[PDB]
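Novice: Using PDB author numbering, the first residue of the sequence shown is number 1, and each one after it goes up by one.
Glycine residues also receive a C-beta, built at the ideal position from the N, C-alpha and C atoms.
Following this message is one structure expressed as structure tokens.
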Amino acid sequence: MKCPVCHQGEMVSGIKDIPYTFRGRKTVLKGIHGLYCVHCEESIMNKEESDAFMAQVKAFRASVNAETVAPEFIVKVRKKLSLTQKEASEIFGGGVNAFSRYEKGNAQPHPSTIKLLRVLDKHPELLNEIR
Numbered sequence: 001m002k003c004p005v006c007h008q009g010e011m012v013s014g015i016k017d018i019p020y021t022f023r024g025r026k027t028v029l030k031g032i033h034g035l036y037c038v039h040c041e042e043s044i045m046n047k048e049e050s051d052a053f054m055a056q057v058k059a060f061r062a063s064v065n066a067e068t069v070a071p072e073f074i075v076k077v078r079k080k081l082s083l084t085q086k087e088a089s090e091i092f093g094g095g096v097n098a099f100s101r102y103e104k105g106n107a108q109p110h111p112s113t114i115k116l117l118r119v120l121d122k123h124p125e126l127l128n129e130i131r
């Protein structure tokens, strides 16, 4: 309907498909009312709307959280201890397209690297006492 905040699209109520994930566990919350149609930035949602979108994204988030770890933790550990793609591979075993696949969770088949990273975030020297 308008957008005097950014002047990009037109915040207008119109439920649609909200793909929370697009890497593996893609879970679209088909039915997210609010204010959108062309843009995807200046969006607005009320209590009910937020409750729905949240209830969904949350339900899936948790259900999926049951897995080993998240695609954010791993990368976070590699960027936290400055574990270059070379060192992390020589110690953990990321490989080549690690960061990439790992980002989506395709290279994180619950290997050993994960068990090392989780304990590495707290022990930036473990990699040296384990390598």
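Would you give the residue range spanned by the alpha helix (DSSP H) that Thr113 belongs to?
Specialist: Run containing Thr113: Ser112 to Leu120, per the alpha helix (DSSP H) assignment.
Novice: Going by DSSP, what residues sit across from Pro4 in a beta bridge?
Specialist: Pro4 is not bridged to any residue.
Novice: I'd like the span of the alpha helix (DSSP H) that includes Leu127, first residue to last.
Specialist: Start and end: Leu126 to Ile130.
Novice: Have a look at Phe92, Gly14, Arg101 and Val5 and flag the residue whose alpha-carbon is nearest the alpha-carbon of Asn46.
Specialist: Selected option, being the one with the closest Cα: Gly14.
Novice: When the Cβ atoms of the region 47-61 are set against those of the region 76-96, are three or more pairs found closer than 8 Å?
Specialist: Touching, no.
Novice: Identify the residues that DSSP records as bridge partners of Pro19: which are they?
Specialist: Note: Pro19 sits in a beta bridge opposite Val28.
Novice: With a CB to CB cut of under 8 Å and the five nearest residues on each side skipped, what residues in its chain are close to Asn97?
Specialist: Cβ neighbours of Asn97 beyond the five flanking positions: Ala107.
Novice: Would you mind stating whether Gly24 and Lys80 have Cβ atoms separated by less than 8 Å?
Specialist: Contact: no.
Novice: Starting from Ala62, follow the alpha helix (DSSP H) in both directions and report where the run begins and ends.
Specialist: From DSSP, the alpha helix (DSSP H) with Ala62 extends over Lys47 to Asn65.
Novice: From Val57 to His33, what distance separates their C-alpha atoms?
Specialist: So the two alpha carbons sit approximately 14 Å from each other.
Novice: With burial defined as no fewer than 16 other Cβ atoms inside 10 Å of the residue's Cβ, what is the status of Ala88: buried or exposed?
Specialist: Classification of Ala88: buried, given that the 10 Å Cβ count is 16 or more.
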